[PDB]
Protein chains: 2
Amino acid sequence: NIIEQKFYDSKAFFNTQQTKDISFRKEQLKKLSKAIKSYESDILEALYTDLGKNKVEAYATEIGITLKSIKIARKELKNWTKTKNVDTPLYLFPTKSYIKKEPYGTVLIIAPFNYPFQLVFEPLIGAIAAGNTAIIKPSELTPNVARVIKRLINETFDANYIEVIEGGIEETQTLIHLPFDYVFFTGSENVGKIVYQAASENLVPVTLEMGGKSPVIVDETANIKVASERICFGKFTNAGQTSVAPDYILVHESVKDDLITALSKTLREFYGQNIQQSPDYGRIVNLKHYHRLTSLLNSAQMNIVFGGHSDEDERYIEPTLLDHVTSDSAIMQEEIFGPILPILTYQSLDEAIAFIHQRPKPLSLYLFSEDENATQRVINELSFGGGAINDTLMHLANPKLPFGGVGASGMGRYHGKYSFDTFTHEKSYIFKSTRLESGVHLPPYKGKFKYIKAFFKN
Amino acid sequence: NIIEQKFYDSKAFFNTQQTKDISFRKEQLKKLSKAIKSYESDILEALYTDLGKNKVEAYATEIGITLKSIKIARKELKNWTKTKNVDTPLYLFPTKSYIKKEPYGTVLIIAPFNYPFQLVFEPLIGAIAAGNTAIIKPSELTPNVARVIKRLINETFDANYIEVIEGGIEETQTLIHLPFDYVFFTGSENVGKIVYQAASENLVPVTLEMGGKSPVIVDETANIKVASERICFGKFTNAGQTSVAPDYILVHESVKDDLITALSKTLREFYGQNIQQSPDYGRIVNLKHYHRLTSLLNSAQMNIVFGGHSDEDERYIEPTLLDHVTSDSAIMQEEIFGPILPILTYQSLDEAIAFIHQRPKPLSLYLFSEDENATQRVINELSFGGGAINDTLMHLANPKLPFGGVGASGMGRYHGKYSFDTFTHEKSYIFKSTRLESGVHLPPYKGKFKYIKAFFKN
């Protein structure tokens, strides 16, 4: 019962009020930053062994972005946390209005395998800065990363302030049935449904970052070569294991063959002729997901127009393009979460929009177009978590942009101040001086109806 | 199966994209305002018959506040809905960053009996302004109000844009199992748990406005007479049937008797010697809640120090004060939601804080004190939805203050722009010109680690 003991110890530490002190929170952020730097080599090694993640990609998407976020949160903390004076309308004078920013208490953070470090620590920064205690459940599919995370945390913080729980679905099961004050989850739709039903039993608020199939629309006005470069960048980073990676392409009939040519050329520019030898290209997390993806390769074997090679001993899957893909294809029935890119054609933008609107709202959407009005149509008519015009993936790199889904792709958002907001309850309160008395708004109300009605109607 | 047919008709109308047009939303708000004015007399009559609500109170808490909110939402709509240009950091240049405000789709609004008009239409204003279609389920405990609401809506809007569903818990059961794009609920903890478990099955985001026992702390420095006036104002408005009404009082030992004297005097000033004859005082919604409260009166019979009279034929319960109340008392085991005010004593603020912290986080908290540092302690150490220093209830009257609970008292918030925000998905997106090309951030990554690391660490 150590999980539940760890939970109630964390609650007990929150009850001491020590995490509400602003200077306490700043010091924990310093220690977190110092701790990540001390472990930088071990984190890079763990990301490399578990995901084949090269150090450039690992720094830009896991370590460096976290260090930058800690720095910003620590330096902006007084701005984010300070009670706001809120305007009070004249009719409420002499009332003064305020909003106190306060923590929820003890929160739960669940992180998946694909960015196993960043998806632990970007939520954690928000939880720390908002004044919470935290329990972290990292992915056991990346076990070296999870252990490095546990070592780092345990040697830096008390377990009753921040603790890491290693395990699989059953450890997650134990955690989500505990009355946490907030639950933050990134992962699959399947597990997200379980987390959110368990939390609902305890009236626990949640943020869910889930999945779907993110479409890329490439219309007939697009800059094909630049589109192919930015698509491949967002698609084959982390070997496609990204929730906002281009899942599939809807390309206008007239430029499909141009796009296939440009994508193939870009992949050779990126990774060379033997992509298995490229030090810039990652690997599949484990054998289960590797076989999931090679099964999809086998299903689309007649449609491969680039790549398709694999090596089980390295959990390697070559960047692969598919042509003549339909709605019936196995590759269009599941979130790919891998380096397979199916290409479907459309004749008019209305068909592309209809296709996307028939499916769950995706976490991201991308449109490549030089046509302003097509851009406007897509942003206005299709709902999705967030996206990009003439780019992919990089809308996550601005911390001033909230990152989150909608509908099946999730609820809630984070990054930057939104990470702080997510773990913050905003508490409105007023003050009215007792030296200033008036019976105007008190009973008896005889004769006051004409006055109160005129107020609400002038 | 008309409920489900009405749901899917509403979805179909949203799919026409007509509600996303800003000028469409403004026109619906105009029609809503015109419609409430046309029905003003019938709304006042229905509130009077069902809740004994006098026209002054009904205008300040239901009709007038709604008309004012419609006016503000309509005039600020372009500000609220317009896509925001968001700052982009230099390292992402030439990227341009934006946030699109877009609706969820088809939403559900559930309203309880106590403010049966305002708790329908303040959420509705937000849903309308955010560009949604809506289905409303009003309380059947106030059946005349519910019918007036249904008449008003049906004669003003198409049923596939806004529709009202009359019924009880089983109609609510049918609605909460449908895949709405958002669910907004105000009511009891019991029903809120059912709504939120049902929504969780469908990955539906929610806002829950629930309950608890809102404490008033009156310390030894308080202005006793002014405190008693502002307490009675917030407590005996709507005959105590308010989620942010003072549920119970924790008063310092040294000023308890002063407070009881002042409260009794204020009640006589408000309502006279025969409070049943006062036209400024409301009635209990129905016989079930009336008997719930007279049962509580019977339990606290030896502790009544003011009031205690009742009349079943009018569903009338006199403003009642209780003394020598303990944690064991029946009156301290449930949300009173009525005109019974128990008074408990404490010796030090630490005891009052401990008492409140042992119970679920309440929707509101009030502190009456002239001691700055006591004010700071309470706001910093106790978490609650929202509250007031030296006042009660009025923190809901500033639309610039978010209104909502935390923990057991709820999740989410509304009023003013927060009503719009609640029914809005904020969709981040970027644009990057394809005329501006660069291979600096693309593979191959040979030699780029020193550059990317220096960036994240400078």
# chains A, B, ... in the order shown; residues from 1 in each chain; ligands from 1
call {"tool": "closest_atom_pairs", "arguments": {"of": "stretch 75-178 of chain B", "to": "stretch 31-35 of chain B", "cutoff": "10 Å", "atoms": "only C-alpha atoms", "output": "JSON lines"}}
result
{"residue": "B:121", "atom": "CA", "partner": "B:32", "partner_atom": "CA", "distance": 9.3}
{"residue": "B:124", "atom": "CA", "partner": "B:32", "partner_atom": "CA", "distance": 9.9}
{"residue": "B:125", "atom": "CA", "partner": "B:32", "partner_atom": "CA", "distance": 8.8}
{"residue": "B:128", "atom": "CA", "partner": "B:32", "partner_atom": "CA", "distance": 9.8}
{"residue": "B:152", "atom": "CA", "partner": "B:35", "partner_atom": "CA", "distance": 6.5}
{"residue": "B:153", "atom": "CA", "partner": "B:35", "partner_atom": "CA", "distance": 8.1}
{"residue": "B:155", "atom": "CA", "partner": "B:35", "partner_atom": "CA", "distance": 8.6}
{"residue": "B:156", "atom": "CA", "partner": "B:35", "partner_atom": "CA", "distance": 6.8}
{"residue": "B:157", "atom": "CA", "partner": "B:31", "partner_atom": "CA", "distance": 8.4}
call {"tool": "residues_around", "arguments": {"residues": "stretch 104-108 of chain A", "least_positions_apart": "5", "cutoff": "10 Å", "atoms": "only C-alpha atoms", "output": "PDB file with C-alpha atoms, in the first residue's frame"}}
result
ATOM      1  CA  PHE A   7      -0.262   9.923  -1.674  1.00  0.00           C
ATOM      2  CA  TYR A   8      -1.314  10.751   1.878  1.00  0.00           C
ATOM      3  CA  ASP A   9       2.210  11.837   2.820  1.00  0.00           C
ATOM      4  CA  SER A  10       2.072  14.243  -0.127  1.00  0.00           C
ATOM      5  CA  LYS A  11      -1.286  15.571   1.086  1.00  0.00           C
ATOM      6  CA  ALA A  12       0.163  16.001   4.578  1.00  0.00           C
ATOM      7  CA  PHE A  13       3.075  18.059   3.253  1.00  0.00           C
ATOM      8  CA  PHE A  14       0.708  20.289   1.279  1.00  0.00           C
ATOM      9  CA  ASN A  15      -1.300  20.821   4.470  1.00  0.00           C
ATOM     10  CA  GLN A  17       1.217  25.433   3.727  1.00  0.00           C
ATOM     11  CA  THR A  19       4.361  25.069  -0.952  1.00  0.00           C
ATOM     12  CA  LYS A  20       2.174  28.198  -1.066  1.00  0.00           C
ATOM     13  CA  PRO A 123       3.459  19.743 -16.531  1.00  0.00           C
ATOM     14  CA  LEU A 124       5.609  19.519 -13.392  1.00  0.00           C
ATOM     15  CA  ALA A 127       2.441  22.222 -10.859  1.00  0.00           C
ATOM     16  CA  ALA A 130       1.317  26.961  -9.015  1.00  0.00           C
ATOM     17  CA  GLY A 131       2.215  25.746  -5.515  1.00  0.00           C
ATOM     18  CA  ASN A 132       1.201  22.079  -5.586  1.00  0.00           C
ATOM     19  CA  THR A 133       2.722  18.835  -4.445  1.00  0.00           C
ATOM     20  CA  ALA A 134       2.976  16.197  -7.132  1.00  0.00           C
ATOM     21  CA  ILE A 135       3.121  12.475  -7.836  1.00  0.00           C
ATOM     22  CA  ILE A 136       4.547  11.448 -11.214  1.00  0.00           C
ATOM     23  CA  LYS A 137       3.821   8.218 -13.091  1.00  0.00           C
ATOM     24  CA  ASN A 160       6.279  14.040   0.162  1.00  0.00           C
ATOM     25  CA  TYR A 161       6.755  17.043  -2.160  1.00  0.00           C
ATOM     26  CA  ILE A 162       7.473  15.372  -5.522  1.00  0.00           C
ATOM     27  CA  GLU A 163       7.551  11.592  -5.955  1.00  0.00           C
ATOM     28  CA  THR A 172      -1.786   3.967 -12.897  1.00  0.00           C
ATOM     29  CA  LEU A 175      -3.242   6.346  -8.631  1.00  0.00           C
ATOM     30  CA  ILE A 176      -6.320   7.446 -10.600  1.00  0.00           C
ATOM     31  CA  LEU A 178      -7.105   8.243  -5.249  1.00  0.00           C
ATOM     32  CA  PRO A 179      -8.732  11.657  -4.530  1.00  0.00           C
ATOM     33  CA  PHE A 180      -6.030  13.787  -6.120  1.00  0.00           C
ATOM     34  CA  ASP A 181      -6.833  17.482  -6.394  1.00  0.00           C
ATOM     35  CA  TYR A 182      -5.934  17.464 -10.111  1.00  0.00           C
ATOM     36  CA  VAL A 183      -5.013  14.865 -12.736  1.00  0.00           C
ATOM     37  CA  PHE A 184      -2.858  15.686 -15.779  1.00  0.00           C
ATOM     38  CA  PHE A 185      -2.689  12.969 -18.444  1.00  0.00           C
ATOM     39  CA  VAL A 204     -11.475  15.333  -9.704  1.00  0.00           C
ATOM     40  CA  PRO A 205     -10.771  17.907 -12.455  1.00  0.00           C
ATOM     41  CA  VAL A 206      -8.503  16.782 -15.273  1.00  0.00           C
ATOM     42  CA  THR A 422      -3.849  24.445 -15.400  1.00  0.00           C
ATOM     43  CA  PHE A 423      -2.704  23.711 -11.825  1.00  0.00           C
ATOM     44  CA  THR A 424      -4.141  26.966 -10.417  1.00  0.00           C
ATOM     45  CA  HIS A 425      -7.567  27.721  -9.020  1.00  0.00           C
ATOM     46  CA  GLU A 426      -8.446  31.368  -9.593  1.00  0.00           C
TER      47      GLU A 426
ATOM     48  CA  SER B 383      -9.140  27.260  -0.435  1.00  0.00           C
ATOM     49  CA  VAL B 406     -13.059  24.103  -6.321  1.00  0.00           C
ATOM     50  CA  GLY B 407     -12.890  20.520  -5.133  1.00  0.00           C
TER      51      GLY B 407
END
call {"tool": "residues_around", "arguments": {"residues": "stretch 138-146 of chain B", "least_positions_apart": "5", "cutoff": "8 Å", "atoms": "only C-alpha atoms", "output": "ChimeraX atom specification"}}
result
/B:43,46-47,49-51,110-113,116-117,120,164-168,285-286
call {"tool": "write_last_selection", "arguments": {"atoms": "C-alpha atoms", "output": "PDB file, in the first residue's frame"}}
result
ATOM      1  CA  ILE B  43     -41.170  35.677 -15.678  1.00  0.00           C
ATOM      2  CA  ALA B  46     -43.593  32.569 -12.422  1.00  0.00           C
ATOM      3  CA  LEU B  47     -40.764  33.402 -10.010  1.00  0.00           C
ATOM      4  CA  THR B  49     -45.642  31.706  -7.708  1.00  0.00           C
ATOM      5  CA  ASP B  50     -42.869  29.097  -7.542  1.00  0.00           C
ATOM      6  CA  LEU B  51     -40.392  30.716  -5.112  1.00  0.00           C
ATOM      7  CA  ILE B 110     -28.686  22.050 -16.707  1.00  0.00           C
ATOM      8  CA  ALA B 111     -30.196  24.507 -14.248  1.00  0.00           C
ATOM      9  CA  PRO B 112     -31.573  23.993 -10.716  1.00  0.00           C
ATOM     10  CA  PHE B 113     -34.615  25.447  -8.940  1.00  0.00           C
ATOM     11  CA  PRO B 116     -34.164  28.946 -12.206  1.00  0.00           C
ATOM     12  CA  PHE B 117     -34.064  31.756 -14.782  1.00  0.00           C
ATOM     13  CA  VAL B 120     -30.406  29.018 -17.477  1.00  0.00           C
ATOM     14  CA  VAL B 164     -35.736  23.518 -23.868  1.00  0.00           C
ATOM     15  CA  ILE B 165     -36.387  20.018 -22.499  1.00  0.00           C
ATOM     16  CA  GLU B 166     -38.826  19.818 -19.588  1.00  0.00           C
ATOM     17  CA  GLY B 167     -38.689  16.911 -17.179  1.00  0.00           C
ATOM     18  CA  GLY B 168     -37.017  15.452 -14.133  1.00  0.00           C
ATOM     19  CA  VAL B 285     -39.499  25.878  -3.427  1.00  0.00           C
ATOM     20  CA  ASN B 286     -41.649  22.822  -2.658  1.00  0.00           C
TER      21      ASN B 286
END
call {"tool": "closest_residue", "arguments": {"among": "A:332, A:296, A:36, A:354", "to": "residue A:212", "atoms": "only C-alpha atoms"}}
result
A:332
call {"tool": "closest_residue", "arguments": {"among": "B:148, B:301, B:437, B:291", "to": "residue B:39", "atoms": "only C-alpha atoms"}}
result
B:148
call {"tool": "select_by_dssp", "arguments": {"residues": "stretch 37-193 of chain B", "states": "helix (DSSP H, G or I)", "output": "ChimeraX atom specification"}}
result
/B:37-38,40-51,55-81,90-92,118-130,143-154,169-176,189-193
call {"tool": "write_last_selection", "arguments": {"atoms": "C-alpha atoms", "output": "short mmCIF file (atom, residue, chain, number, x, y, z; two decimals), in the first residue's frame"}}
result
data_model
loop_
_atom_site.label_atom_id
_atom_site.label_comp_id
_atom_site.auth_asym_id
_atom_site.auth_seq_id
_atom_site.Cartn_x
_atom_site.Cartn_y
_atom_site.Cartn_z
CA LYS B 37 -38.42 41.97 -22.15
CA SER B 38 -41.59 40.77 -23.89
CA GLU B 40 -40.81 40.15 -18.25
CA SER B 41 -44.22 40.12 -16.57
CA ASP B 42 -44.67 36.36 -17.03
CA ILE B 43 -41.17 35.68 -15.68
CA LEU B 44 -41.84 37.79 -12.58
CA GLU B 45 -45.18 36.01 -12.08
CA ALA B 46 -43.59 32.57 -12.42
CA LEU B 47 -40.76 33.40 -10.01
CA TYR B 48 -43.35 34.73 -7.56
CA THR B 49 -45.64 31.71 -7.71
CA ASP B 50 -42.87 29.10 -7.54
CA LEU B 51 -40.39 30.72 -5.11
CA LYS B 55 -40.11 41.61 -8.00
CA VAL B 56 -37.20 43.65 -6.62
CA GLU B 57 -35.23 40.53 -5.73
CA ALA B 58 -36.32 38.80 -8.95
CA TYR B 59 -35.06 41.72 -11.04
CA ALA B 60 -31.72 42.09 -9.26
CA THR B 61 -30.91 38.36 -9.25
CA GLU B 62 -32.63 36.94 -12.35
CA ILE B 63 -34.07 39.27 -15.00
CA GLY B 64 -32.12 42.52 -14.79
CA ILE B 65 -28.72 40.89 -14.33
CA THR B 66 -29.42 38.74 -17.41
CA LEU B 67 -30.46 41.70 -19.56
CA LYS B 68 -27.31 43.53 -18.47
CA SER B 69 -25.18 40.48 -19.32
CA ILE B 70 -26.75 40.14 -22.79
CA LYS B 71 -26.04 43.82 -23.44
CA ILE B 72 -22.37 43.47 -22.43
CA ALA B 73 -21.80 40.25 -24.38
CA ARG B 74 -23.37 41.71 -27.52
CA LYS B 75 -21.34 44.93 -27.39
CA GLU B 76 -18.06 43.19 -26.52
CA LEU B 77 -18.59 40.26 -28.88
CA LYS B 78 -16.14 41.44 -31.54
CA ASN B 79 -13.49 41.94 -28.84
CA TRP B 80 -14.08 38.50 -27.30
CA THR B 81 -14.26 36.49 -30.53
CA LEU B 90 12.71 35.97 -32.05
CA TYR B 91 14.05 32.43 -32.41
CA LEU B 92 10.80 31.40 -34.14
CA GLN B 118 -30.59 33.25 -14.23
CA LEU B 119 -28.93 29.84 -14.07
CA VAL B 120 -30.41 29.02 -17.48
CA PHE B 121 -29.63 32.26 -19.27
CA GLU B 122 -26.23 33.38 -17.96
CA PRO B 123 -24.67 30.12 -19.26
CA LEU B 124 -26.79 30.44 -22.42
CA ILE B 125 -25.40 33.91 -23.15
CA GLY B 126 -21.91 32.43 -23.08
CA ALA B 127 -22.94 29.50 -25.26
CA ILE B 128 -24.62 31.82 -27.77
CA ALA B 129 -21.75 34.32 -27.86
CA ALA B 130 -19.21 31.52 -28.28
CA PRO B 143 -42.58 24.28 -13.20
CA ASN B 144 -44.11 27.67 -14.04
CA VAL B 145 -40.64 29.17 -14.55
CA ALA B 146 -39.59 26.19 -16.68
CA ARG B 147 -42.65 26.58 -18.92
CA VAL B 148 -42.16 30.33 -19.31
CA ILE B 149 -38.56 29.58 -20.30
CA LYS B 150 -39.71 26.96 -22.82
CA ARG B 151 -42.35 29.29 -24.28
CA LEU B 152 -39.87 32.17 -24.56
CA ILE B 153 -37.23 30.04 -26.27
CA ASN B 154 -39.56 28.19 -28.65
CA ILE B 169 -33.99 13.28 -13.42
CA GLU B 170 -34.81 10.80 -16.19
CA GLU B 171 -34.83 13.49 -18.87
CA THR B 172 -31.49 14.63 -17.45
CA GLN B 173 -30.34 11.00 -17.59
CA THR B 174 -31.18 10.83 -21.30
CA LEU B 175 -29.33 14.07 -22.03
CA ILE B 176 -26.08 13.41 -20.14
CA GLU B 189 -23.28 17.36 -5.42
CA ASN B 190 -25.33 14.17 -5.88
CA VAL B 191 -26.55 15.03 -9.38
CA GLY B 192 -23.24 16.64 -10.30
CA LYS B 193 -21.49 13.32 -9.68
#
call {"tool": "interface_residues", "arguments": {"of": "chain B", "to": "chain A", "cutoff": "6 Å", "atoms": "only C-alpha atoms", "output": "NGL selection string"}}
result
:B and (56 or 64 or 68 or 196-197 or 200 or 270 or 385-390 or 395 or 401 or 427-432 or 443-444 or 449 or 456)
call {"tool": "atom_distance", "arguments": {"atom1": "atom CA of residue A:440", "atom2": "atom CA of residue B:321"}}
result
24.6 Å
call {"tool": "atom_distance", "arguments": {"atom1": "atom CA of residue A:213", "atom2": "atom CA of residue A:356"}}
result
9.4 Å
call {"tool": "atom_distance", "arguments": {"atom1": "atom CA of residue B:93", "atom2": "atom CA of residue A:416"}}
result
18.3 Å
call {"tool": "residues_around", "arguments": {"residues": "residue A:250", "least_positions_apart": "5", "cutoff": "7 Å", "atoms": "only C-alpha atoms", "output": "short mmCIF file (atom, residue, chain, number, x, y, z; two decimals) with N, CA, C and O atoms, in the first residue's frame"}}
result
data_model
loop_
_atom_site.label_atom_id
_atom_site.label_comp_id
_atom_site.auth_asym_id
_atom_site.auth_seq_id
_atom_site.Cartn_x
_atom_site.Cartn_y
_atom_site.Cartn_z
N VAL A 216 -2.85 16.63 -42.87
CA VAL A 216 -2.18 17.69 -43.61
C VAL A 216 -2.93 17.85 -44.92
O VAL A 216 -3.07 16.89 -45.68
N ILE A 217 -3.45 19.05 -45.17
CA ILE A 217 -4.03 19.39 -46.47
C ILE A 217 -2.96 20.11 -47.28
O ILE A 217 -2.35 21.06 -46.79
N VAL A 218 -2.72 19.63 -48.49
CA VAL A 218 -1.81 20.25 -49.44
C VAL A 218 -2.64 20.57 -50.67
O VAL A 218 -2.98 19.66 -51.44
N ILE A 343 -0.84 8.95 -48.32
CA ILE A 343 -1.18 10.10 -49.15
C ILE A 343 -2.48 9.80 -49.88
O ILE A 343 -2.55 8.86 -50.68
N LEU A 344 -3.52 10.58 -49.59
CA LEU A 344 -4.82 10.47 -50.24
C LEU A 344 -5.07 11.72 -51.08
O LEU A 344 -4.63 12.82 -50.73
N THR A 345 -5.79 11.55 -52.19
CA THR A 345 -6.09 12.66 -53.08
C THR A 345 -7.52 13.14 -52.90
O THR A 345 -8.41 12.39 -52.49
N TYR A 346 -7.73 14.41 -53.22
CA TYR A 346 -9.06 15.01 -53.23
C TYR A 346 -9.16 15.93 -54.44
O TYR A 346 -8.15 16.37 -54.99
N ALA A 352 -12.07 17.53 -49.00
CA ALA A 352 -11.08 17.39 -47.93
C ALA A 352 -11.67 17.76 -46.57
O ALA A 352 -11.48 17.04 -45.58
#
call {"tool": "select_by_dssp", "arguments": {"residues": "stretch 91-290 of chain A", "states": "strand (DSSP E)", "output": "mmCIF file with N, CA and C atoms, in the first residue's frame"}}
result
data_model
loop_
_atom_site.group_PDB
_atom_site.id
_atom_site.type_symbol
_atom_site.label_atom_id
_atom_site.label_comp_id
_atom_site.auth_asym_id
_atom_site.auth_seq_id
_atom_site.Cartn_x
_atom_site.Cartn_y
_atom_site.Cartn_z
ATOM 1 N N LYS A 96 -13.946 46.618 -3.615
ATOM 2 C CA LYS A 96 -12.686 46.339 -4.289
ATOM 3 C C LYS A 96 -12.670 44.868 -4.681
ATOM 4 N N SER A 97 -12.208 44.573 -5.895
ATOM 5 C CA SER A 97 -12.271 43.224 -6.444
ATOM 6 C C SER A 97 -10.870 42.685 -6.702
ATOM 7 N N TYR A 98 -10.683 41.394 -6.421
ATOM 8 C CA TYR A 98 -9.389 40.733 -6.529
ATOM 9 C C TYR A 98 -9.561 39.309 -7.026
ATOM 10 N N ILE A 99 -8.465 38.755 -7.538
ATOM 11 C CA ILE A 99 -8.389 37.349 -7.917
ATOM 12 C C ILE A 99 -7.114 36.782 -7.312
ATOM 13 N N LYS A 100 -7.268 35.854 -6.372
ATOM 14 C CA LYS A 100 -6.154 35.138 -5.770
ATOM 15 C C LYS A 100 -5.843 33.898 -6.599
ATOM 16 N N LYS A 101 -4.564 33.688 -6.904
ATOM 17 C CA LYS A 101 -4.114 32.481 -7.588
ATOM 18 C C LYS A 101 -3.598 31.500 -6.543
ATOM 19 N N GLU A 102 -4.213 30.324 -6.468
ATOM 20 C CA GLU A 102 -3.865 29.371 -5.427
ATOM 21 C C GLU A 102 -3.816 27.960 -5.997
ATOM 22 N N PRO A 103 -3.039 27.075 -5.377
ATOM 23 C CA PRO A 103 -2.926 25.704 -5.887
ATOM 24 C C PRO A 103 -4.154 24.862 -5.578
ATOM 25 N N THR A 106 -2.590 18.432 -4.110
ATOM 26 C CA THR A 106 -1.746 17.318 -4.520
ATOM 27 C C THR A 106 -2.240 16.812 -5.870
ATOM 28 N N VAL A 107 -1.360 16.822 -6.871
ATOM 29 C CA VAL A 107 -1.757 16.559 -8.248
ATOM 30 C C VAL A 107 -1.034 15.324 -8.772
ATOM 31 N N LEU A 108 -1.609 14.744 -9.823
ATOM 32 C CA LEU A 108 -1.085 13.554 -10.479
ATOM 33 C C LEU A 108 -0.709 13.898 -11.913
ATOM 34 N N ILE A 109 0.477 13.469 -12.333
ATOM 35 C CA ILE A 109 0.969 13.692 -13.688
ATOM 36 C C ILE A 109 1.319 12.340 -14.292
ATOM 37 N N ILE A 110 0.660 11.997 -15.396
ATOM 38 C CA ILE A 110 0.889 10.746 -16.113
ATOM 39 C C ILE A 110 1.518 11.081 -17.457
ATOM 40 N N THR A 133 1.896 20.029 -4.521
ATOM 41 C CA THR A 133 2.722 18.835 -4.445
ATOM 42 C C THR A 133 2.325 17.919 -5.596
ATOM 43 N N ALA A 134 3.189 16.957 -5.910
ATOM 44 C CA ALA A 134 2.976 16.197 -7.132
ATOM 45 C C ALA A 134 3.444 14.759 -6.978
ATOM 46 N N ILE A 135 2.728 13.865 -7.654
ATOM 47 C CA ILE A 135 3.121 12.475 -7.836
ATOM 48 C C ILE A 135 3.177 12.215 -9.333
ATOM 49 N N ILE A 136 4.284 11.642 -9.794
ATOM 50 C CA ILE A 136 4.547 11.448 -11.214
ATOM 51 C C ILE A 136 4.516 9.958 -11.516
ATOM 52 N N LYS A 137 3.822 9.590 -12.587
ATOM 53 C CA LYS A 137 3.821 8.218 -13.091
ATOM 54 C C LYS A 137 4.343 8.240 -14.521
ATOM 55 N N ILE A 162 7.562 15.942 -4.184
ATOM 56 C CA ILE A 162 7.473 15.372 -5.522
ATOM 57 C C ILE A 162 7.985 13.941 -5.454
ATOM 58 N N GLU A 163 7.199 13.004 -5.978
ATOM 59 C CA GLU A 163 7.551 11.592 -5.955
ATOM 60 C C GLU A 163 7.269 10.985 -7.321
ATOM 61 N N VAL A 164 8.076 9.992 -7.690
ATOM 62 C CA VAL A 164 7.937 9.274 -8.951
ATOM 63 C C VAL A 164 7.542 7.835 -8.651
ATOM 64 N N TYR A 182 -5.959 17.249 -8.672
ATOM 65 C CA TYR A 182 -5.934 17.464 -10.111
ATOM 66 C C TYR A 182 -5.216 16.288 -10.756
ATOM 67 N N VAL A 183 -5.646 15.931 -11.965
ATOM 68 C CA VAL A 183 -5.013 14.865 -12.736
ATOM 69 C C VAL A 183 -4.640 15.410 -14.108
ATOM 70 N N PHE A 184 -3.369 15.270 -14.477
ATOM 71 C CA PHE A 184 -2.858 15.686 -15.779
ATOM 72 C C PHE A 184 -2.385 14.442 -16.514
ATOM 73 N N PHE A 185 -2.949 14.192 -17.697
ATOM 74 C CA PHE A 185 -2.689 12.969 -18.444
ATOM 75 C C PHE A 185 -2.366 13.277 -19.899
ATOM 76 N N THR A 186 -1.276 12.691 -20.397
ATOM 77 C CA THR A 186 -0.956 12.655 -21.818
ATOM 78 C C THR A 186 -0.802 11.200 -22.222
ATOM 79 N N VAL A 206 -9.568 17.384 -14.483
ATOM 80 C CA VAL A 206 -8.503 16.782 -15.273
ATOM 81 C C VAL A 206 -8.113 17.681 -16.436
ATOM 82 N N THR A 207 -6.904 17.441 -16.928
ATOM 83 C CA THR A 207 -6.484 17.832 -18.263
ATOM 84 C C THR A 207 -6.070 16.567 -18.999
ATOM 85 N N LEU A 208 -6.617 16.370 -20.194
ATOM 86 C CA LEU A 208 -6.337 15.188 -21.001
ATOM 87 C C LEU A 208 -5.745 15.620 -22.335
ATOM 88 N N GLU A 209 -4.536 15.147 -22.624
ATOM 89 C CA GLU A 209 -3.871 15.345 -23.909
ATOM 90 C C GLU A 209 -3.872 13.999 -24.615
ATOM 91 N N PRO A 215 -4.483 15.598 -39.811
ATOM 92 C CA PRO A 215 -4.379 15.695 -41.270
ATOM 93 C C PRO A 215 -3.503 16.844 -41.732
ATOM 94 N N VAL A 216 -2.850 16.628 -42.869
ATOM 95 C CA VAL A 216 -2.181 17.692 -43.612
ATOM 96 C C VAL A 216 -2.933 17.852 -44.924
ATOM 97 N N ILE A 217 -3.454 19.052 -45.174
ATOM 98 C CA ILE A 217 -4.033 19.395 -46.468
ATOM 99 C C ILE A 217 -2.963 20.108 -47.276
ATOM 100 N N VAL A 218 -2.723 19.627 -48.491
ATOM 101 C CA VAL A 218 -1.805 20.250 -49.437
ATOM 102 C C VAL A 218 -2.639 20.567 -50.668
ATOM 103 N N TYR A 248 -1.689 11.707 -41.842
ATOM 104 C CA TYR A 248 -1.943 11.414 -43.246
ATOM 105 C C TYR A 248 -2.038 12.714 -44.027
ATOM 106 N N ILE A 249 -1.959 12.594 -45.349
ATOM 107 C CA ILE A 249 -1.971 13.739 -46.250
ATOM 108 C C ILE A 249 -3.202 13.657 -47.145
ATOM 109 N N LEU A 250 -3.924 14.770 -47.251
ATOM 110 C CA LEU A 250 -4.943 14.988 -48.270
ATOM 111 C C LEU A 250 -4.355 16.010 -49.231
ATOM 112 N N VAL A 251 -3.965 15.558 -50.422
ATOM 113 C CA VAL A 251 -3.324 16.418 -51.411
ATOM 114 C C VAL A 251 -4.232 16.532 -52.627
ATOM 115 N N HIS A 252 -4.302 17.730 -53.203
ATOM 116 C CA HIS A 252 -5.084 17.905 -54.415
ATOM 117 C C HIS A 252 -4.503 17.053 -55.536
#
